[PDB]
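Structure record follows, encoded as C-alpha cells.
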Amino acid sequence: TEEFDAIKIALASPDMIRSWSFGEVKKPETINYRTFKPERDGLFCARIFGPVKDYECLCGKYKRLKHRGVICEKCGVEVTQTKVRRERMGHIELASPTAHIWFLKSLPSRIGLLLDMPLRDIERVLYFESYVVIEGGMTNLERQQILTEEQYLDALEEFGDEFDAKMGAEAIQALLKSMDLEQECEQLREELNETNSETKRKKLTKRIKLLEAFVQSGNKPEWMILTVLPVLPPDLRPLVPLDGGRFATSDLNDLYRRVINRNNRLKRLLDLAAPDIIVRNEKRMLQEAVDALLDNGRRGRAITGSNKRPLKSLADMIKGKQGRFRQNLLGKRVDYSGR
Amino acid sequence: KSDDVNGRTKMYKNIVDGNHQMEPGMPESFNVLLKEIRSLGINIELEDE
Amino acid sequence: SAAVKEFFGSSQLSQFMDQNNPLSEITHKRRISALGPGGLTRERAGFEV
Amino acid sequence: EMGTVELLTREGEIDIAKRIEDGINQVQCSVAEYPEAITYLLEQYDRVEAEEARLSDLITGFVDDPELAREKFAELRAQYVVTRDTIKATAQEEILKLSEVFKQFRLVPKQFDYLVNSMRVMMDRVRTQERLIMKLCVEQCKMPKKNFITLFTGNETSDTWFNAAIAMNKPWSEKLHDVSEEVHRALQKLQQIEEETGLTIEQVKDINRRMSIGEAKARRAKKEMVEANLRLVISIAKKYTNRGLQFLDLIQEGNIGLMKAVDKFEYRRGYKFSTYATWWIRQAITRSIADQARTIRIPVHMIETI
DNA sequence: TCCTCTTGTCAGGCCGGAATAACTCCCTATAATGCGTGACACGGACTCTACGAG
DNA sequence: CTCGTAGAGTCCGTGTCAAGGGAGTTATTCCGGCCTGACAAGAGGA
Ligand SMILES: C[C@H](CCC(=O)NCCC[N+](C)(C)C[C@H](O)CS(=O)(=O)O)[C@H]1CC[C@H]2[C@@H]3[C@H](O)C[C@@H]4C[C@H](O)CC[C@]4(C)[C@H]3C[C@H](O)[C@]12C
Ligand SMILES: [Zn+2]
C-alpha cells in the first residue's frame with residue numbers, strides 16, 4: 001500500500017484514455033445465453049477485462065495456479081485473480097468527435113465563454129442548423145461568424161476556395177484547437193488597461209482568469225471534445241444471475257450498448273457514402289447517446305426498456321443525497337453492530 | 001469494519017490470534033469513486049511528492 | 001388482462017390487508033386515501049389539505 | 001429535413017432511373033477501355049476452367065449456359081492475343097471492338113468492384129507519382145507555376161518539359177540538376193506504369209473524369225430518390241416502435257434497407273418502387289430489431305421460434 | 001528383524017468424427033408514402049435615466 | 001446644441017435546493033478409442 005497525498009484532477013487526454021484501457025470493446029454482445037460465459041470482445045470480455053474465475057482461462061486449457069502470467073493462446077485471457085476484473089478499464093473509438101456535456105450545458109458554458117460565443121449559437125452548430133467559418137481566409141467574413149444553410153450555399157458557390165467552414169462537434173473541436181490563448185490573453189489585459197465599463201470590465205476579468213488558468217494548468221482546449229470514450233470495468237456494472245434464471249443489470253450496460261450500436265452503424269453508413277441527411281441524423285443520435293451516458297438529465301429523457309423510470313447515468317451515480325451515497329450520507333453499514 | 005477487504009480479513013485473523021492491530025487500506029467505495037469519475041473524461045490520479 | 005392485473009397488483013391503492021385484529025380489517029376497508037394516480041403527492045401536498 | 005424534399009412522383013422516378021442507368025452504363029463502358037482488365041478476366045476464367053476458381057465468381061448472366069460462356073471466352077482469348085500482337089489507328093479500333101464484345105458480360109458486383117478498384121488504384125498511383133514529382137520540382141527548383149501548367153501539362157511522359165526546363169538556362173533551371181535524377185527517374189517509372197496500362201498517358205485522365213462523372217450522377221440520382229422515399233420509410237417504421245428499440249434507430253435501419261433496395265431496384269419490370277422497396281425496408285427493420293433488441297442477444301431463428 | 005528395491009499390468013487424459021446449432025447470401029415485385037410547491041440567487045433581456053461626444 | 005450610448009434598474013426564467021424458407025459452412029458437445037504414468041505385493045539387504 002502506497003503512502004500518498006495530494007489528489008490531482010485534470011482533463012483526460014485521448015492518449016491517456018488509450019493508456020488506461022487494455023482493449024477496445026467493439027461489439028455490443030454481453031453473454032452466450034447458452035453457456036453464460038462472456039462474449040468476446042463484447043461489453044463483458046475476459047480477454048480485455050479479466051478472467052471470470054480465479055486463475056483459470058476461458059476455454060479451460062490452463063487451470064493450475066502455477067500458471068499466472070501466461071496468456072492462453074486460444075482465449076486471449078490472462079490467468080490471474082478475478083478481482084482484477086474490477087479495475088481494468090476499456091475504451092471505445094468514436095468515429096465522429098462528440099462534445100462533452102459537462103463542459104457545454106453547465107449553466108456557465110465554459111466552451112461558450114472560452115469562445116465568447118453564446119450558448120444558443122453553439123447549440124445551433126452542433127445540431128447542424130448553421131455552419132461556422134473556421135479560418136475564412138481573405139474574405140469579408142470573421143472567424144466566429146455563423147452562416148445559415150443557404151448563406152453557406154451562396155458563399156460556397158461564389159467562394160469555392162479560400163473558405164474553410166464546417167458543421168458539428170468536429171467543427172467546434174477544429175476551431176477550438178486553433179485559438180491562440182496567449183495573444184487573446186494579451187488583448188484582454190490591454191482591454192483591462194484601456195476599458196472602463198463596470199459590467200464589461202467584470203466579464204473581461206472573468207474571461208481573463210479562465211484563459212490564464214487554462215494555459216497555466218497545461219490543458220489543451222481541444223480535449224474538451226471527446227474522441228475516445230473509456231468504459232467502466234464490468235464488475236461495477238455487473239450482470240449477476242438472479243436465482244431462477246432471471247438476470248439483473250445496471251443501466252450503464254444498456255447505455256453502453258446503445259452507444260456502441262450507434263457508433264458501429266455510423267461507421268458503416270460512412271463507409272457506404274450515405275446521403276448527408278442520414279449521416280447528420282446519425283451524429284445527432286450519437287451525441288444523444290453520449291449525453292445520456294455522461295450526464296443524463298439535460299435532454300429529452302431517454303427512458304429504458306419497458307421500465308418507465310429514466311435510466312440512471314454516471315452523473316446520477318456519482319451525485320446523490322447528500323452526494324456520496326456510500327462515502328457520504330448514508331453511510332457505510334458496519335459489522336459488529338446490534339440494536 | 002465495512003469496505004476494506006484485506007483489512008477486515010487481516011483483522012479477523014488478528015482477533016482470533018489474540019492480537020489487536022489494524023491495517024486500514026483504501027475504502028472500496030473510494031476506489032469505485034475513482035473508477036467512476038475516471039469513466040468520464042476527468043483524470044483523477046493519486047499524486048506523490 | 002395485462003392492464004387489469006397491473007392495476008390490481010402493482011398499484012398504490014391495492015395493498016396487503018393488515019389482518020391481525022378485526023378492528024384492523026374493518027378500519028382498513030373503510031379508508032379514504034388522497035394519494036395514488038390522479039391525486040396528491042406527499043412532497044406536493046401543501047399544508048391546506 | 002425529410003419535410004423539405006417533395007414527393008418524386010412516378011414519372012420523375014422513371015426519369016431518375018434512366019439517369020442511373022446512363023451512369024452505370026457509362027462507367028461499365030469506361031471499365032472496358034484499358035487492356036489490363038481482360039488479362040485478369042481471362043486469367044480467372046481459366047482459373048474457373050482449370051478448376052482453380054468458381055463458375056459463379058466471374059459472371060452474373062450474359063446479354064443477347066456454360067457452353068456459351070466457354071466458347072465466348074475462348075474466342076475472347078483469341079481476339080485478345082491477336083490484337084495484342086497487332087497492337088502496332090488499328091489498335092484503337094480493335095480495342096473498341098473488343099470492348100464492345102465484352103460489354104455483353106455482366107459480372108457479379110464484387111468482381112466489378114474489384115476491377116473498378118484496380119483501375120482506380122492504377123490511376124491513383126499515376127496521380128500520386130505526378131503530384132510528388134511536380135512537388136519536388138516546383139519546390140526544390142522553384143518552378144514558376146504558369147510555365148509548370150503550360151509545359152508540364154499534356155504529356156507527363158515525354159522529356160519535353162524536362163529538357164525545356166533545363167534548356168531555359170535559368171539559375172533554378174541549373175539547380176534542376178540537383179533533383180534531375182529523381183524527376184526523370186519518376187518520369188521513366190510513370191512511362192512504365194503506362195506501359196502496363198499500354199494505351200497512352202491522356203486516356204488515364206479521360207477515364208478518371210468519365211468515371212467520376214458517372215459515379216457522381218448515380219449518387220445524386222439515388223440521393224434524390226432516397227430523400228423522396230424517407231416518408232415511406234418513416235411510415236413503415238410506426239409498427240415496430242414499441243419493441244424496446246428506439247424510434248430513430250428503426251428509421252435508420254429502414255434507411256439502410258431502402259438504400260439497398262434503390263441500388264437493386266429495376267424500373268424496367270414496370271412496377272411501382274414503393275411496393276418493392278417495402279420488402280427491403282421491412283427486412284432491414286426486422287433484422288435490426290431482432291438483433292439489437294435484447295441485452296443477451298439471441299439468434300434470429302430462435303426469435304422467430306419464440 | 002526391519003527397511004528398501006523390483007517385477008509387472010491397469011487407467012485417465014487426450015483427440016476424432018458426428019450431429020445439432022448458428023451466421024451470411026438468395027432472399028421478393030400491386031400499392032402502401034410525414035405523426036410520436038417555492039423561496040433564493042443569479043443571469044439575461046428589456047427599459048429607463050442621464051451623460052458625453054460629434 | 002442635439003442625439004445616441006452607457007450605465008443602472010427591474011422583471012422574468014432557470015438551476016437548486018427545501019415473413020419466415022434455406023443452402024452452405026463451422027462451432028461446439030458428446031461418445032469411442034490410443035497413449036504414457038502410477039499403483040500393488042513381495043523380495044533381498046543391512
Ligand atoms: C419486478 C419485481 C418487483 C416486485 C416489487 O417491487 N414488489 C413491491 C411489493 C410491495 N408490497 C406490495 C409488498 C407492499 C410494501 O412492501 C409494503 S407497503 O404497502 O408499502 O407498506 C421483482 C422483485 C423480486 C423479483 C422475483 C425474485 O427475483 C424471485 C424470482 C426470480 C426469477 O429468476 C424470476 C422470477 C422471480 C419471481 C422475480 C420476479 C420479479 O423479477 C420480482 C418480483
Ligand atoms: Zn484458454
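How things are named: the first chain in the C-alpha cells is A, the next is B, and so on; residues count from 1 in each chain; ligands count from 1 in the order shown.
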Non-local contacts of segment 241-255 of chain A (7 Å; only C-alpha atoms (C1' of nucleotides); under 3 positions in same chain excluded) as a PyMOL selection string: chain A and resi 237-238+258-259+293+311-313
Selection export as a PDB file, in the first residue's frame, atoms kept: C-alpha atoms:
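Result file is result-v9.pdb:
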ATOM      1  CA  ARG A 237     -21.944  -2.577 -13.751  1.00  0.00           C
ATOM      2  CA  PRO A 238     -22.450  -6.287 -13.112  1.00  0.00           C
ATOM      3  CA  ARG A 258     -26.777   1.915 -27.325  1.00  0.00           C
ATOM      4  CA  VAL A 259     -23.608   3.969 -27.838  1.00  0.00           C
ATOM      5  CA  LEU A 293     -24.100   8.301 -20.867  1.00  0.00           C
ATOM      6  CA  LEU A 311     -32.292   5.176 -16.594  1.00  0.00           C
ATOM      7  CA  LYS A 312     -29.572   6.267 -14.180  1.00  0.00           C
ATOM      8  CA  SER A 313     -26.440   7.655 -15.837  1.00  0.00           C
TER       9      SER A 313
END
Residues of chain A within 7 Å of chain B, counting only C-alpha atoms, what are they? List them as a PyMOL selection string. chain A and resi 1+4-12+230-232+294+326-327+332-335
Excluding residue 15 of chain F and its own-chain neighbours fewer than 3 positions away, which residues fall within 10 Å of it when counting only C-alpha atoms (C1' of nucleotides)? Please give them as a PDB file with N, CA and C atoms (P, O5', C5', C4', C3', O3' and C1' of nucleotides), in the first residue's frame.
ATOM      1  N   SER A 106     -23.467  23.086 -18.670  1.00  0.00           N
ATOM      2  CA  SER A 106     -23.480  23.634 -17.323  1.00  0.00           C
ATOM      3  C   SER A 106     -23.709  25.135 -17.411  1.00  0.00           C
ATOM      4  N   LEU A 107     -24.641  25.640 -16.593  1.00  0.00           N
ATOM      5  CA  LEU A 107     -25.195  26.986 -16.716  1.00  0.00           C
ATOM      6  C   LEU A 107     -24.143  27.960 -17.246  1.00  0.00           C
TER       7      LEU A 107
ATOM      8  P    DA E  41     -30.943  35.109  -1.413  1.00  0.00           P
ATOM      9  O5'  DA E  41     -29.726  34.914  -2.449  1.00  0.00           O
ATOM     10  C5'  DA E  41     -29.198  33.612  -2.702  1.00  0.00           C
ATOM     11  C4'  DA E  41     -28.683  33.471  -4.134  1.00  0.00           C
ATOM     12  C3'  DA E  41     -28.300  34.768  -4.852  1.00  0.00           C
ATOM     13  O3'  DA E  41     -27.280  34.508  -5.793  1.00  0.00           O
ATOM     14  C1'  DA E  41     -29.952  33.758  -6.088  1.00  0.00           C
ATOM     15  P    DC E  42     -26.122  35.572  -6.110  1.00  0.00           P
ATOM     16  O5'  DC E  42     -25.628  35.130  -7.573  1.00  0.00           O
ATOM     17  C5'  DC E  42     -25.763  33.758  -7.982  1.00  0.00           C
ATOM     18  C4'  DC E  42     -26.108  33.637  -9.457  1.00  0.00           C
ATOM     19  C3'  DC E  42     -25.745  34.838 -10.327  1.00  0.00           C
ATOM     20  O3'  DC E  42     -25.470  34.419 -11.661  1.00  0.00           O
ATOM     21  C1'  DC E  42     -28.036  34.549 -10.431  1.00  0.00           C
TER      22       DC E  42
END
As a PDB file with N, CA, C and O atoms, in the first residue's frame, please: all residues of chain C that backbone DSSP puts in helix (DSSP H, G or I).
ATOM      1  N   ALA C   2     -53.686  -7.668 -19.050  1.00  0.00           N
ATOM      2  CA  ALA C   2     -52.472  -7.035 -18.552  1.00  0.00           C
ATOM      3  C   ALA C   2     -52.807  -5.791 -17.754  1.00  0.00           C
ATOM      4  O   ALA C   2     -52.330  -5.612 -16.631  1.00  0.00           O
ATOM      5  N   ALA C   3     -53.638  -4.917 -18.321  1.00  0.00           N
ATOM      6  CA  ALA C   3     -53.932  -3.657 -17.653  1.00  0.00           C
ATOM      7  C   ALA C   3     -54.690  -3.903 -16.358  1.00  0.00           C
ATOM      8  O   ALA C   3     -54.385  -3.290 -15.323  1.00  0.00           O
ATOM      9  N   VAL C   4     -55.649  -4.829 -16.377  1.00  0.00           N
ATOM     10  CA  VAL C   4     -56.441  -5.057 -15.172  1.00  0.00           C
ATOM     11  C   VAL C   4     -55.564  -5.643 -14.070  1.00  0.00           C
ATOM     12  O   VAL C   4     -55.597  -5.181 -12.920  1.00  0.00           O
ATOM     13  N   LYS C   5     -54.770  -6.672 -14.392  1.00  0.00           N
ATOM     14  CA  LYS C   5     -53.965  -7.294 -13.350  1.00  0.00           C
ATOM     15  C   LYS C   5     -52.849  -6.368 -12.892  1.00  0.00           C
ATOM     16  O   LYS C   5     -52.439  -6.428 -11.731  1.00  0.00           O
ATOM     17  N   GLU C   6     -52.343  -5.507 -13.779  1.00  0.00           N
ATOM     18  CA  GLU C   6     -51.392  -4.489 -13.356  1.00  0.00           C
ATOM     19  C   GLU C   6     -52.009  -3.563 -12.321  1.00  0.00           C
ATOM     20  O   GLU C   6     -51.422  -3.323 -11.260  1.00  0.00           O
ATOM     21  N   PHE C   7     -53.195  -3.023 -12.610  1.00  0.00           N
ATOM     22  CA  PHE C   7     -53.851  -2.173 -11.622  1.00  0.00           C
ATOM     23  C   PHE C   7     -54.006  -2.913 -10.297  1.00  0.00           C
ATOM     24  O   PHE C   7     -53.563  -2.437  -9.248  1.00  0.00           O
ATOM     25  N   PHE C   8     -54.641  -4.086 -10.330  1.00  0.00           N
ATOM     26  CA  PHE C   8     -54.945  -4.786  -9.082  1.00  0.00           C
ATOM     27  C   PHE C   8     -53.680  -5.141  -8.309  1.00  0.00           C
ATOM     28  O   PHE C   8     -53.646  -5.018  -7.081  1.00  0.00           O
ATOM     29  N   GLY C   9     -52.636  -5.587  -8.996  1.00  0.00           N
ATOM     30  CA  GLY C   9     -51.426  -5.991  -8.309  1.00  0.00           C
ATOM     31  C   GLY C   9     -50.477  -4.853  -7.993  1.00  0.00           C
ATOM     32  O   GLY C   9     -50.207  -4.567  -6.823  1.00  0.00           O
ATOM     33  N   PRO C  22     -59.709  -7.846  14.152  1.00  0.00           N
ATOM     34  CA  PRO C  22     -60.919  -7.463  13.408  1.00  0.00           C
ATOM     35  C   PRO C  22     -61.038  -5.964  13.206  1.00  0.00           C
ATOM     36  O   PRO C  22     -61.431  -5.507  12.121  1.00  0.00           O
ATOM     37  N   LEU C  23     -60.694  -5.182  14.230  1.00  0.00           N
ATOM     38  CA  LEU C  23     -60.679  -3.734  14.079  1.00  0.00           C
ATOM     39  C   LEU C  23     -59.780  -3.317  12.931  1.00  0.00           C
ATOM     40  O   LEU C  23     -60.129  -2.422  12.155  1.00  0.00           O
ATOM     41  N   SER C  24     -58.610  -3.942  12.814  1.00  0.00           N
ATOM     42  CA  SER C  24     -57.685  -3.557  11.758  1.00  0.00           C
ATOM     43  C   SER C  24     -58.328  -3.771  10.399  1.00  0.00           C
ATOM     44  O   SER C  24     -58.291  -2.889   9.533  1.00  0.00           O
ATOM     45  N   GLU C  25     -58.948  -4.934  10.200  1.00  0.00           N
ATOM     46  CA  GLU C  25     -59.597  -5.213   8.927  1.00  0.00           C
ATOM     47  C   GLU C  25     -60.662  -4.164   8.640  1.00  0.00           C
ATOM     48  O   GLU C  25     -60.650  -3.514   7.588  1.00  0.00           O
ATOM     49  N   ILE C  26     -61.610  -3.999   9.566  1.00  0.00           N
ATOM     50  CA  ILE C  26     -62.749  -3.127   9.294  1.00  0.00           C
ATOM     51  C   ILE C  26     -62.291  -1.702   9.036  1.00  0.00           C
ATOM     52  O   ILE C  26     -62.809  -1.027   8.140  1.00  0.00           O
ATOM     53  N   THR C  27     -61.322  -1.212   9.809  1.00  0.00           N
ATOM     54  CA  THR C  27     -60.882   0.159   9.596  1.00  0.00           C
ATOM     55  C   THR C  27     -60.144   0.291   8.274  1.00  0.00           C
ATOM     56  O   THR C  27     -60.296   1.296   7.574  1.00  0.00           O
ATOM     57  N   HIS C  28     -59.337  -0.708   7.911  1.00  0.00           N
ATOM     58  CA  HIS C  28     -58.606  -0.620   6.656  1.00  0.00           C
ATOM     59  C   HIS C  28     -59.558  -0.619   5.469  1.00  0.00           C
ATOM     60  O   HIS C  28     -59.327   0.085   4.480  1.00  0.00           O
ATOM     61  N   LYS C  29     -60.631  -1.410   5.541  1.00  0.00           N
ATOM     62  CA  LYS C  29     -61.568  -1.455   4.423  1.00  0.00           C
ATOM     63  C   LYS C  29     -62.318  -0.140   4.264  1.00  0.00           C
ATOM     64  O   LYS C  29     -62.682   0.229   3.143  1.00  0.00           O
TER      65      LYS C  29
END
Near-ligand residues for ligand 2, threshold 10 Å, only C-alpha atoms (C1' of nucleotides) and all ligand atoms, as a list in words: residues 47, 51, 56, 57, 58, 59, 60, 61, 62, 63, 70, 71, 72, 73, 74, 75, 76, 77, 78 and 79 of chain A
Would you output that residue set with N, CA and C atoms, as a PDB file, in the first residue's frame?
ATOM      1  N   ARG A  47     -10.839 -11.481 -22.235  1.00  0.00           N
ATOM      2  CA  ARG A  47      -9.514 -11.187 -22.772  1.00  0.00           C
ATOM      3  C   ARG A  47      -9.152  -9.722 -22.601  1.00  0.00           C
ATOM      4  N   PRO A  51     -10.182 -12.624 -16.193  1.00  0.00           N
ATOM      5  CA  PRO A  51     -10.750 -13.975 -16.152  1.00  0.00           C
ATOM      6  C   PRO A  51     -11.965 -14.018 -15.242  1.00  0.00           C
ATOM      7  N   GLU A  56      -8.070 -19.253 -13.944  1.00  0.00           N
ATOM      8  CA  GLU A  56      -8.500 -20.211 -14.954  1.00  0.00           C
ATOM      9  C   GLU A  56      -8.952 -19.476 -16.205  1.00  0.00           C
ATOM     10  N   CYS A  57      -8.402 -19.875 -17.348  1.00  0.00           N
ATOM     11  CA  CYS A  57      -8.683 -19.183 -18.591  1.00  0.00           C
ATOM     12  C   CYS A  57     -10.099 -19.515 -19.051  1.00  0.00           C
ATOM     13  N   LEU A  58     -10.538 -18.836 -20.109  1.00  0.00           N
ATOM     14  CA  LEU A  58     -11.903 -19.029 -20.584  1.00  0.00           C
ATOM     15  C   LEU A  58     -12.085 -20.432 -21.149  1.00  0.00           C
ATOM     16  N   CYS A  59     -11.298 -20.786 -22.169  1.00  0.00           N
ATOM     17  CA  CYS A  59     -11.516 -22.047 -22.864  1.00  0.00           C
ATOM     18  C   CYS A  59     -11.201 -23.250 -21.985  1.00  0.00           C
ATOM     19  N   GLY A  60     -10.500 -23.048 -20.873  1.00  0.00           N
ATOM     20  CA  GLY A  60     -10.259 -24.123 -19.935  1.00  0.00           C
ATOM     21  C   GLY A  60      -9.032 -24.964 -20.202  1.00  0.00           C
ATOM     22  N   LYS A  61      -8.043 -24.442 -20.928  1.00  0.00           N
ATOM     23  CA  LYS A  61      -6.788 -25.170 -21.084  1.00  0.00           C
ATOM     24  C   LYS A  61      -5.910 -25.061 -19.841  1.00  0.00           C
ATOM     25  N   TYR A  62      -5.832 -23.880 -19.235  1.00  0.00           N
ATOM     26  CA  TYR A  62      -4.959 -23.627 -18.093  1.00  0.00           C
ATOM     27  C   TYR A  62      -5.816 -23.458 -16.846  1.00  0.00           C
ATOM     28  N   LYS A  63      -5.605 -24.332 -15.857  1.00  0.00           N
ATOM     29  CA  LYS A  63      -6.365 -24.289 -14.615  1.00  0.00           C
ATOM     30  C   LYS A  63      -5.511 -24.256 -13.357  1.00  0.00           C
ATOM     31  N   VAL A  70       0.987 -16.440 -17.925  1.00  0.00           N
ATOM     32  CA  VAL A  70       0.739 -16.934 -19.275  1.00  0.00           C
ATOM     33  C   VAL A  70      -0.596 -16.400 -19.775  1.00  0.00           C
ATOM     34  N   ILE A  71      -0.693 -16.184 -21.083  1.00  0.00           N
ATOM     35  CA  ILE A  71      -1.912 -15.675 -21.697  1.00  0.00           C
ATOM     36  C   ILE A  71      -2.378 -16.732 -22.688  1.00  0.00           C
ATOM     37  N   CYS A  72      -3.485 -17.397 -22.355  1.00  0.00           N
ATOM     38  CA  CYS A  72      -3.958 -18.549 -23.113  1.00  0.00           C
ATOM     39  C   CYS A  72      -3.999 -18.253 -24.606  1.00  0.00           C
ATOM     40  N   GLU A  73      -3.402 -19.150 -25.391  1.00  0.00           N
ATOM     41  CA  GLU A  73      -3.261 -18.904 -26.821  1.00  0.00           C
ATOM     42  C   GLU A  73      -4.610 -18.923 -27.537  1.00  0.00           C
ATOM     43  N   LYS A  74      -5.517 -19.827 -27.159  1.00  0.00           N
ATOM     44  CA  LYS A  74      -6.837 -19.830 -27.788  1.00  0.00           C
ATOM     45  C   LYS A  74      -7.650 -18.617 -27.356  1.00  0.00           C
ATOM     46  N   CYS A  75      -7.912 -18.496 -26.060  1.00  0.00           N
ATOM     47  CA  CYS A  75      -8.621 -17.357 -25.495  1.00  0.00           C
ATOM     48  C   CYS A  75      -7.608 -16.370 -24.931  1.00  0.00           C
ATOM     49  N   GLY A  76      -7.629 -15.140 -25.427  1.00  0.00           N
ATOM     50  CA  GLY A  76      -6.600 -14.176 -25.087  1.00  0.00           C
ATOM     51  C   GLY A  76      -6.717 -13.643 -23.672  1.00  0.00           C
ATOM     52  N   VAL A  77      -7.198 -14.472 -22.747  1.00  0.00           N
ATOM     53  CA  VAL A  77      -7.399 -14.071 -21.360  1.00  0.00           C
ATOM     54  C   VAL A  77      -6.163 -14.444 -20.559  1.00  0.00           C
ATOM     55  N   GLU A  78      -5.620 -13.487 -19.816  1.00  0.00           N
ATOM     56  CA  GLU A  78      -4.503 -13.813 -18.950  1.00  0.00           C
ATOM     57  C   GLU A  78      -5.040 -14.490 -17.697  1.00  0.00           C
ATOM     58  N   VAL A  79      -4.263 -15.421 -17.160  1.00  0.00           N
ATOM     59  CA  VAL A  79      -4.682 -16.180 -15.989  1.00  0.00           C
ATOM     60  C   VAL A  79      -4.216 -15.427 -14.747  1.00  0.00           C
TER      61      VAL A  79
END
What's around residue 156 of chain A at 12 Å? Count only C-alpha atoms (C1' of nucleotides), leave out sequence neighbours fewer than 4 positions away in its own chain, and write the answer as an NGL selection string. :A and (131 or 133 or 136 or 139 or 147-152 or 160-166)
Near segment 167-174 of chain A, counting only C-alpha atoms (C1' of nucleotides), which residues have an atom at most 9 Å away, once you skip same-chain residues fewer than 2 positions from it, shown as a list in words?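 Once the adjacent positions are removed, what remains is residues 96, 97, 98, 99, 122, 124, 125, 126, 127, 128, 129, 130, 131, 132, 134, 165, 176, 177, 178, 221, 222, 223, 224, 225, 280, 283 and 287 of chain A.
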Give me, as an MDAnalysis selection string, the contact residues of chain D against chain F at a cut-off of 9 Å, counting only C-alpha atoms (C1' of nucleotides). chainID D and resid 283 301 304
Test item: chain E residues at most 9 Å from chain D, counting only C-alpha atoms (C1' of nucleotides), as number ranges by chain: E: 22-23, 28-34, 36
Using only C-alpha atoms and all ligand atoms, which residue out of A:80, A:121, A:202, A:307 lies closest to ligand 1?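 Ranking A:80, A:121, A:202, A:307 by distance to ligand 1, first place goes to A:307.
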Please measure the separation of atom CA of residue 63 of chain D and atom CA of residue 12 of chain D, giving the value in Å to one decimal.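 So the answer is 27.5 Å.
Distance-wise, atom CA of residue 27 of chain A and atom CA of residue 260 of chain A end up 7.0 Å apart.
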